[PDB]
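Here we start with a single chain on its own, the form deposited in one PDB entry, put down as structure tokens.
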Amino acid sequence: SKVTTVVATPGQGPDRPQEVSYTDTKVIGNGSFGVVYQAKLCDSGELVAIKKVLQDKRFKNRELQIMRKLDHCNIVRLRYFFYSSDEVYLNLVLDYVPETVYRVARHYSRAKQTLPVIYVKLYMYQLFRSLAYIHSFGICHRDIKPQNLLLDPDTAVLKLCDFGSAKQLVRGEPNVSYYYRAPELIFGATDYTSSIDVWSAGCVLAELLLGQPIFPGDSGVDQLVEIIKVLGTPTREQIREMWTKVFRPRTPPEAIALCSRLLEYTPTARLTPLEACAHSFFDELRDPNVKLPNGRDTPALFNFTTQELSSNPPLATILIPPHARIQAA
């Protein structure tokens, strides 16, 4: 009922802007960092989300540059990107996903219930996969939160999105400090590793089990007070670097043991995406007789690339089970 034809450039491939048309535009996201709309392309009818951010010709949009080099089933797919209006607005046309870990987590909280563990595995595992993949590029998201984890209810696939706050960390360079904030950040680190993403993911896993934020605090103070109110006080040693009673009864040991190896004061002490993916908490996923709670076949959880594994290839023995190979032969 209201078409909009623009000159868009494919997200992947040699810059060759072609004409693109879309309609049914319906706002669905808001903030000071931009705004996300929904819309349907006219030649395919496919649904998409358009993220509109204000960019100035002085420099290049870092989030655009990062998105353009990404391509993984567990990261929001970029279709096109174009500009609008003096004031320049960059629009990112993404493959639309209907829900988020935030809207789902909240939907379970209003029922005093908790998201079934099978779903927690499925989501957390794919998150670690998206992490392992981008970290191998040296790229750190730097802002993992339930709002940023999109998911499709009927497929049970999670896709990381929102790289407006992400940066390709260059080991050997200063990073200015400007409830998922890792402690090293609270202490305004300047050389922190991409292991900050692991801490945040840890808060998310924890949260999904709990059923509410784990480290609630309006400031680093209150926030850090929580971290201590659960992880206790740090040692002079850890300070430089920078239980089972905490989680609800009946919480699978593997889950509680997994959160303990992610929520460590020492960045280097924490697991890495790849290791996390292979943690026994996800053993059930590597099971041949595993059943997707939805019936449909489980999403491609073992199609790892040499890139996703570069962090430590031999770990492929675990991440890719016997049946996964014979079935992908």
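Numbers follow the displayed sequence, beginning with 1. Between two forms, the rigid core is defined as the largest C-alpha subset superposing within 1.5 Å.
Omitted here: the form deposited in another entry. The next part is about that form.
Enquirer: Superpose on the rigid core, then tell me if the C-alpha of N61 is displaced by 2 angstroms or more between the shown form and the other one.
Expert: Result for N61: yes, a 2 Å-plus shift.
Enquirer: Out of closer and farther, which fits the Cα atoms of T9 and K60 in the other form compared with this form, where the change is 3 Å or more?
Expert: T9 and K60 sit farther apart in the other form.
Enquirer: Just say closer or farther for the C-alpha distance from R58 to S165 in the other form, relative to the shown form; it changes by 3 Å or more.
Expert: Closer: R58 and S165 approach by 3 Å or more in the other form.
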